[PDB]
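# I would like to see how this sequence folds:
(3 chains, ligands or ions: 5)
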Amino acid sequence: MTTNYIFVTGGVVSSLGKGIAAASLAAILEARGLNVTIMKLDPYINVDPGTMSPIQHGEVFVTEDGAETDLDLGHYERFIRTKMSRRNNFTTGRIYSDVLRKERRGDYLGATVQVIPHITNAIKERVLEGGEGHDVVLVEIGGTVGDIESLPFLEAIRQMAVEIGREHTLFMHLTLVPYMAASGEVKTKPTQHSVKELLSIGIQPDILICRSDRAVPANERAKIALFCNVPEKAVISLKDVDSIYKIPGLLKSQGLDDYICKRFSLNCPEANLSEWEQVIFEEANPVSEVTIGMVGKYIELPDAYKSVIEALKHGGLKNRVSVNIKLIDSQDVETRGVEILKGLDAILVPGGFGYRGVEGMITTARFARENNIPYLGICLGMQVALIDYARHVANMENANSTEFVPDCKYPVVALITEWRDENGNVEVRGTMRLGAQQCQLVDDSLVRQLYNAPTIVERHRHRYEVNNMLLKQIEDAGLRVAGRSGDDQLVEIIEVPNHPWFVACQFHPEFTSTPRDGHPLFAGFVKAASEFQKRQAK
Amino acid sequence: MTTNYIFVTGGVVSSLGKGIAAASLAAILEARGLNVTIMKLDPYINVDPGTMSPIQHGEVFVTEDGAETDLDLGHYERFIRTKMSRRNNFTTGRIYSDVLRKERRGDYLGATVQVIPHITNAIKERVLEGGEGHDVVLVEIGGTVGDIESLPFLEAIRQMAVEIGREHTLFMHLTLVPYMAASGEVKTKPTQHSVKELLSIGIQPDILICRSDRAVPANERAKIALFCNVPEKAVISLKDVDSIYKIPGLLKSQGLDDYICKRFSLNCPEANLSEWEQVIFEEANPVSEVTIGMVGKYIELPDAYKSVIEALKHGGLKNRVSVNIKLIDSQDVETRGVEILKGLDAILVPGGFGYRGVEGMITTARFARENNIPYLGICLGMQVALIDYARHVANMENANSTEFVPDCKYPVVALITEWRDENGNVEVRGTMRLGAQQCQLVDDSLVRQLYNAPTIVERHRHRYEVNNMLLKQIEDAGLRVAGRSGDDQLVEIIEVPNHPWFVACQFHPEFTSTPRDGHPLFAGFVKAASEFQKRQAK
Amino acid sequence: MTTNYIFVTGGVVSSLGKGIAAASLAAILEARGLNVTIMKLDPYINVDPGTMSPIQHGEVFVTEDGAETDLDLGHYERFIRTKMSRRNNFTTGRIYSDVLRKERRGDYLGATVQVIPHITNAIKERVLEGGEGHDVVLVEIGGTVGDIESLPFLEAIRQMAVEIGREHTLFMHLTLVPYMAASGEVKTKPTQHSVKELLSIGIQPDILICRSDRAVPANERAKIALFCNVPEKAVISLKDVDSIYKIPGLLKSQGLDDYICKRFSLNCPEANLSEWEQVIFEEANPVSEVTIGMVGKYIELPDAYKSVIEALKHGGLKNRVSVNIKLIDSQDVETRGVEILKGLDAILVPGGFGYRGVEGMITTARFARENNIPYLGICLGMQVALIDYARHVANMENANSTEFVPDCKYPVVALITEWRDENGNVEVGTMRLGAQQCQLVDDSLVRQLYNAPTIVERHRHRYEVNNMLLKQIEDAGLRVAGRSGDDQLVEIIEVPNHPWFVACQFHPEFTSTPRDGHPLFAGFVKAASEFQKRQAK
Ligand SMILES: Nc1ccn([C@@H]2O[C@H](COP(=O)(O)OP(=O)(O)OP(=O)(O)O)[C@@H](O)[C@H]2O)c(=O)n1
Ligand SMILES: Nc1ccn([C@@H]2O[C@H](COP(=O)(O)OP(=O)(O)OP(=O)(O)O)[C@@H](O)[C@H]2O)c(=O)n1
Ligand SMILES: [Mg+2]
Ligand SMILES: [Mg+2]
Ligand SMILES: [Mg+2]
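Numbering: from 1, shown residues only, chains lettered A, B, ... in the order given. Ligands and ions are numbered 1, 2, ... in the order given. Below is the structure in question.
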C-alpha cells in the first residue's frame, strides 16, 4: 500500500537513454500487475518546453490535458498504459518560478528563502504529487551527476530517501562503459569515478545500469560491484540494441525486476512480456518494404520528429511493412525542385512554425497530389495542403497563412480573430489550442472508415486555423472537409477525394500512437504506401 | 584605465567577516587615491531582503536610492566614501527572476535556458554593471565554498577571470584556522581542504586570508602557501580584533595592498591611514562613560540593530564617551515593569514592525519622558513616543497606530489613505517610503541646531505616518513638530520641549552615520547621556 | 640552459596512449634540434618489471645499461635518439623501497617519515636526476587521475611546478572524448569532469590532448577550453590513427610544439619531420606481402612481443613489404602438429622462460629447417634451434636445456656453472642484462648483414650454450656465427645449407627503430619475400 520510488540518474555523459531505460523498466513492472508511473525532472530554466525550438531538445510532446513537456513523456506513453499529465514533467524554472511567487507574496513569513530547504522542499512536493497513489514511481533526473544544474534535484531525492526510508526507495544509476580499440576491452573506470561523484553528493546507488556498444562481461560487472558498494546481481548490462522493444526482455533476463520487487517486498507474479515479444516478432518478419519521404524544416535534428518517426514504424508493424524513412529538407525542394521527391512511395509533411521552408512544403503537397502519391500532412502539413489546393485548384493566387504573409488577399489559414475574405469583410463579432479534443468525422470519408467511429479524440498544439470565410470556395473546387470540432466548427481533417490516399489533419495523431496498439491513421497511410509501391512495380 | 576585480570568497564556515575584510581592504585602496567600490552577491532566493524578518540575517540596510539590501552594505558605507546603490547587492532570486522574465517573453529565441550560460551570463552582466567605471571592484560572494547555493556565482566569476584576464582579476579566499586546546596549535588542515574544494570548482585562489582567534604564525602560513599554490607573502593573517577600525592597518602592515597594486600594475602612493589611526585613538581615550539602554523587540539577534549600535559608538567617539549599550527586551517591560529601566543614562527605541512588544515601548517612552532621561526614538520609536504623548498628555485614551489596532478612536499613526479623526471624518480626496528624502527643520528646535542647516537628507523605510488629522490636538498639549517633508507635510521629527533631550524621527539616521564623520543626531544624544550621568552623580 | 619539464597525465580511462603521445611530442621537439628526454613513473609496487609475467605486464624492455623497464621505454627509444637508462623509469615500489632503507638506516634522524614530505621529496629527486642536462623533459605519470595509486606522483609534480616556476613547467593532460551513436556526437563531459578532478588535486592543466576514435571538432574543443581554463589553441585533437608514425605530424599541424616553445621561451627552427614523412610513405606503399608466423608461448597477450612485432614491421618498411604477423601458440604445434605451420613465408620463435610450449618450438625449428623456410630465433628461439639441431642432426637423443630437463644426458643449454659433457665430466643469479659487444665470424650471413666485424646488442637471459657439447654439434654441420666475452659464449648460430637460418642470444628487437631499421630483421623480411616468390612460380 505504500508508494515506492526508483530514482533514475545518469553519469559520465548525458545521452545514455535514461528515458528509454526507465520506460522499459516500467513496462516490466506493469506487466507484473503493478500500478506504475514515471516522471521526468528537467534541470533547465524554461518554465516549460513551450518556448523551446524543436531543434534544441527535440519535439515538444503534448499530454492529453494540454501540457507541453519533454519528449521523454512520449517514450513513457509508448511503454506503459498510465496516462501522462502536467505533473509527470517539471523543470527547475517551474520550481523557482513557484518559490519566487510564494516569496514575493509573503508565504514564507519573513524567512530567508534558501536552496535548502525551500527549493528542495518544492522539488519533493512535486515528486510526491506525481507519485502519490501508485505502487511504484520511477523518477528520472535529467542532467549528468556532477554538474551544477542537477544538484538541487539530487539533494531533494537524497532527503526523500531518508524520510521515506530505504524499504521504499532505490537509486538506479546509469553510466557509460566505453569500448577502447586500444585494449579491445570495455572500461569501468568512468563508472567508478561517477559513482564516487554521486556518493560525494550523499547518494549510494543501489543498481548500476551499464551502457555500452556491446554486453558488459561478468568480470567487468564484478569489478564495478567491487568498487561501488553494489552487489554483483545489481550491476546490469544494457548494450546498444537495434530495437528498443527488446530492452524490457534484456532487463528481465538479468533479474532487475526481481531485485526491485524483493527490495520493495512486492509479491507479484512473473512478468508476462508476450506483448513485447509480439512487437519484436512483427518487426523481424516484414513481408514488404516501402520508402516514405518526410519533408520538413527541422531535418537537421531528427528528434524534432521523434513521435512521428515512431508512428510510421508502428504503422509498418500493423502491416508487416518495413518502412524506410527518408528525411528530406523542404528548403531543398525550393532550391533543387521536385527532382529530390522521386522514388518515394508516400510523402509526409509534419508540423512546424515559421515561414522558412514552407514554400517547399506547398510544392511537395502539390507534387504528391498531382502524381497520386499517398500523402499525410500534420498540422503545418495540413496548412500547406490547403494552400496548395487553394492556389492550384481553387484559383486563389498567392493564397497563404497570415502567420507567413499577414496581408495576403486569400488568408486561407489564419487566427480566428484575423478571419477575413478577399474583400476584407469579417464575421459578426494567445489562444493556443493544446491537448485532447473531440473531433467529429464526416460520413463517407477515408478517416471515418479508418477510425471506424463517428467521433475521435486527438491532441492539438497550434494557433492558426482554417479560415472558414474562404473554405466554401475551396470545397466547391473539390476539397472535402473530413472532420470538424467545437462550437466554431473548426476544420480538423481535409481530404482530396480524387487521389488514392490524401489526408491532412490539424491535430498531432503521432502523440497517441503506440507500438502495441498502433494508430489507425498511420496504419492506413503505410498500407497505402505499400499499395502504391506494388502498382509502380510494373 | 581598465577595471580590476577582486573576488572575495569564504571557506570552512560562513561567519568569517567577509564583509568587514572586504570593506577594510577597500579602505586601504581608497586611501591610496584609488576609485574603489564593493558589491555583495547573496545566494538566497528572496528577490531582495525587503521580505526578510530582522531576526533572520539582521537589519535591512537602505541605500540612498531606496533599495533594500543586505547589511553588509552598511559595512561598505562605513569604510569607503563611494555611495552604495541598488547595483551593489543582488540575490540568486533576482537573477532567476530576471532570466525567467526574459524567457517567458521570448527573449532567448527558442533556446533551452540553462544554468550555463544563461544564469551565469546574467550574473556576469550585473557584476560588470556595478563594477564599470572604477579602478578596483571588490566582489563579495556570500555562502561557503563547497555548498550548492553559491556554485552559479563561483562558475560566473571563474568565467569572468578568463575573459578579463589575470592581469585584472584576483581571487581572495578567507578561511578559518582554528585553535585546538589539545595541541595548543592553530590548524591549517581546514584551509588546505577548502582550497582544494575551491580548485575543484575551477578557481585557484591568489590570496588567502586566515581567520583565527589569534595571529597565524609564520610556520603555519608557510605550510598553507606550500599546499595551496599561493606565495607565502599572499597568505595573510587576520586575527580577531577588539575594534574593526584596526583591520585596515593590520592588512596594510602585511603588505596586502602592495601585493594587489603590483598584480594590477597600479602606480599609486602609500596608503595614508591617518583617519583610521584617529578613530582608533579616540576610541582608546575616552574621558567619561555612560550606559544607554536600547529597548526593542528583536534583542535576540543584536544584528537586527547593527547600524544603530554602530551609530551609538560613533556618537561616543565624537564625545570621548565610552558607551555601554544594554539590550533590553520591550516585552520584559510589559511583564516586569520599569524596574528594568533603572540605571540608564539614556534610552533609545529603534525601528520595528508588528504589535508584539510595542506596549512595552510606549511604556518606555513614558518612563524616559517623565523622568527626564535623554531619549531617542527611531521610526517605531517615534510612533511610540507620539502614542505616549497622545495617551498621557493629550488625553486621547487608547490612542494607537492602525498597524496595531486598526479601529481605535485615536489613530495617531496610520497610513495616509486611512487618516481619520475621532469622529470618523476624513480629508477631501503599498506606499512604502524608501530611500533618501529631504526634510525641513523647524527654527528653534533641538535638531535644527544639531544639524545646523535648514534642510537635511535622511533615509526612510516605513509605511505608517503621523496622522495629520489628530496632530494639532497633540501639539496644543505641548508636543513640538521639529521637521516635516514633502507636499503632504508629513511629520519627520517630534520633540518634547520640557525635557533635557527628547527627540524622535521617522527616518533612519543610523544609515548615514560613519565612524569618521559621526552623525550630528547621535553625537547630541550621547552628549546628553553624559550630562545626565554627571547630574545624577550627586 | 634551464631544464623545462612537461608533465603528462591521463584522465577518464587508462589506455589512452600516454607513452606514444609523449614520445611523439618528444620526436617533434627533437626535430627542432632540442635536447629532449622522456621518463615513465609507474604506480605499481613491484620494485621493477623483472619479476612481472609478460602475460600481464607486456614485454620487459631492457635498456643498454641493463635495467629491466616498462615497455613504454621501447616507444621512447623508437621515437627519439636519446638513450634510456635506469633513470628513465621507476615505480612506487622503488620509491618506498628507497625511503624504507634510509629510515631503517637512520638517515631521517628520528623524524616521523611521511608521504609528504618524504615520499614526495624522493619522487622529485628521481625526476630531477632523470631530467637534469636536457632542454625539455617529458614526465609520463602512469595511472588515471582520480585513482589512489598515483596521488603521491601528482602531489610531487605539483610541488615541482611551484618550486621551478611556471615559466619552465607545463601540465599536459590526455582525456577520452567518446562518440555516442545515440546522438552522433563526441562528448566533452568526461573531459570536463576529469579536469575538475585534476584541479581538486592542485594541478591546473595547460594543454588538453583529446583522444577519440575520430577528430574532435572545433565547437567541442571550444567547449572544453571554456570549462577548463585552457585557451582554445592548447586543446589538441588526437584521433585514432592507423599508424602511430603519423602522430608527430598530426600534433605539429595543430601547433602543439609552437605552443610549448613559446611557453618555454625556446627559439628553435621549424620541426623537420621529413624522416617520419618517409616512414609514413614507405608503410603506405608496400610492393608485396608476406605472412610470418610468430610461434611462442605468450601469444595470449600480444604486448608480450611488442618490440619483436615492431621490428618485423620495420623490416617490412625497409623492403617495401607488408608483413602479416600470424601469432601461433607453440602448444598447438605440440597438440595438432606441423600442419598449423603451413602457408608461412617465414617463421620466428621469440624469447621466453620455462618449459611449457618449448617442445612445440623445438618442433617448429625443425620444420623451418627441414623445409628451407626462413627462420629467425631469439633467445629461447636460439636454444630450440640448437636443441633441434643436436637431436636430429648431431644424433644427441633427448638433448635439452638444464632449465627444462635438469639431468638430461645432452645438456646443450645450461648455466655456466652447470656445464658438463654427456659423461658428467666438467671443466677445471648470472642474469646477463644489457648491452654487450659481440664478435661476428667471417663469411657468416650475419657478418654480411651487419656489414661490420662487431656489433652491440642487449641481453636478458640466464642459460648459455654449453661449450662442452658444442664442438660435436659444429662437426655435425652447425655454424657458430658470433661470440662474446672472455668465456667465448655463443651469441649467434647459423645453418649454412638453408636460404636463411639465423638464431641469436641477444634481443635485437630492442635496437630496431622505424627510421633506421635493423640489419637482422631487414634481412629476415627480405628472405621471407624471396621465399614467397619462389613458391608462386
Ligand atoms: N559544470 C557544469 C557545466 C555544465 N552544466 C550544464 O550542463 C548542461 C549541458 O549538458 P550536456 O549536453 O550533457 O553537456 P555538454 O557541456 O554539452 O557536454 P557534452 O560535450 O558531453 O555534451 C547545460 O544545461 C549546463 O547548464 C552544469 O550544470 N555544470
Ligand atoms: N580507487 C582506485 C581504484 C583502482 N586503483 C588502481 O587502479 C589500477 C587499475 O588501473 P585500470 O586498469 O585503469 O583500472 P580498472 O580498475 O581495471 O578499470 P578499467 O575497467 O577501466 O580498466 C590498479 O593498479 C589499482 O591500484 C586506484 O589506484 N584507486
Ligand atoms: Mg583494467
Ligand atoms: Mg601538524
Ligand atoms: Mg552537448
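# per the record, what domains does chain A have?
Domain segmentation of chain A under curated CATH domains yields A:4-278, A:279-536.
# strands along the stretch 401-538 of chain A, start to end?
Here the stretch 401-538 of chain A has its strands, by DSSP state E, counting those that start in this stretch, at A:411-414, A:433-441, A:455-462, A:465-466, A:480-485, A:490-495, A:502-505.
# tell me which of the domains of chain A lies nearest to chain B.
domain A:4-278 (3.2 Å; C-beta to the nearest C-beta). The C-beta positions use only the backbone N, C-alpha and C, and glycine is treated the same way.
# how far does that closest one sit from the chain's center?
17 Å (C-alpha atoms, centre = their mean, to the nearest Å).
# likewise stretch A:303-310?
For stretch A:303-310, the distance to the chain centre is 7 Å (C-alpha atoms, centre = their mean).
# and if you look at stretch A:487-501?
For stretch A:487-501 - counting by C-alpha atoms, centre = their mean - the centre lies 25 Å from the chain centre.
# measure that stretch end to end?
With C-alpha to C-alpha, to the nearest Å as the measure, the ends of stretch A:487-501 fall 29 Å from one another.
# contacts for that stretch next, please.
Outside stretch A:487-501, the residues within contact range by C-beta atoms under 8 Å, 6 or more residues apart in numbering or on different chains are A:346, A:369, A:372, A:374-375, A:382, A:385-386, A:389, A:416, A:439, A:441, A:445-447, A:458, A:465-466, A:468, A:471, A:478-485, A:502-507, A:524-525, A:528, A:531-532.
# check which residues of it are buried.
Using 16 or more other C-beta atoms under 10 Å in any protein chain shown as the test for burial, stretch A:487-501 gives A:490-496, A:499, A:501.
# and stretch A:74-93, by the same measure?
Under 16+ other C-beta under 10 Å, the buried positions of stretch A:74-93 are A:74-80, A:82, A:84-93.
# please apply the same query to stretch A:343-363.
Within stretch A:343-363, the residues that count as buried by 16+ other C-beta under 10 Å are A:344-353, A:357-363.
# narrow those to those in helices?
Per DSSP state H, helices hold the following members of the buried residues of stretch A:343-363: A:358-363.
# TSV please, covering those residues and showing distance to chain B.
Shown next, in TSV, are these (distance: C-beta to the nearest C-beta, whole Å):
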residue	distance to chain B
A:358	17
A:359	22
A:360	21
A:361	20
A:362	24
A:363	26
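# I'd like those as JSON lines, with distance to ligand 1 appended.
Formatted as JSON lines, those follow (distance: C-beta to the nearest ligand atom, whole Å):
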{"residue": "A:358", "distance to ligand 1": "31"}
{"residue": "A:359", "distance to ligand 1": "34"}
{"residue": "A:360", "distance to ligand 1": "31"}
{"residue": "A:361", "distance to ligand 1": "31"}
{"residue": "A:362", "distance to ligand 1": "36"}
{"residue": "A:363", "distance to ligand 1": "36"}
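# could you find the closest non-adjacent residue to the closest residue to chain C within the stretch 201-350 of chain A?
At 6.5 Å from chain C, residue A:240 is the closest residue in the stretch 201-350 of chain A, using C-beta to the nearest C-beta. Distance criterion C-beta to C-beta, 6 or more residues apart in numbering or on different chains; nearest residue to residue A:240, sequence neighbours excluded, is residue A:213 at 5.0 Å.
# run a quick neighbour tally on that neighbour.
Neighbour count of residue A:213, defined by other C-beta atoms under 10 Å in any protein chain shown: 15.
# please apply the same query to residue A:452.
A total of 10 residues lie near residue A:452 under the criterion other C-beta under 10 Å.
# go on, residue A:246?
17.
# for the nearest residue to it once chain neighbours are set aside, helix, strand, or coil?
With sequence-adjacent residues excluded and distances taken as C-beta to C-beta, 6+ apart, residue A:246 is closest to residue A:280, at 6.0 Å. Using DSSP: H, G, I helix; E, B strand; the rest coil, the structure places residue A:280 in helix.
# ok, residue A:280 touching residue A:247?
No - counting by C-beta atoms under 8 Å, residue A:280 stays clear of residue A:247, with 10.5 Å between them.
# neighbour-wise, which of those two wins?
residue A:247 (22 against 17).
# about what we covered before: now, which of the buried residues of stretch A:74-93 lie close to ligand 2?
Taking C-beta under 6 Å from any ligand atom as the test, ligand 2 is in contact with none of the buried residues of stretch A:74-93.
# of these, which belong to helices?
Using DSSP H, the buried residues of stretch A:74-93 in helices are A:74-79, A:92-93.
# can you give me the helices in the stretch 101-250 of chain A?
A:120-131, A:151-164, A:189-200, A:218-228, A:247-253 (DSSP state H, counting those that start in this stretch).
# for those, give me CSV that also has distance to ligand 1.
Shown next, in CSV, are the helices of the stretch 101-250 of chain A (distance: least, C-beta to the nearest ligand atom, whole Å):
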stretch, distance to ligand 1
helix A:120-131, 16
helix A:151-164, 8
helix A:189-200, 12
helix A:218-228, 21
helix A:247-253, 22
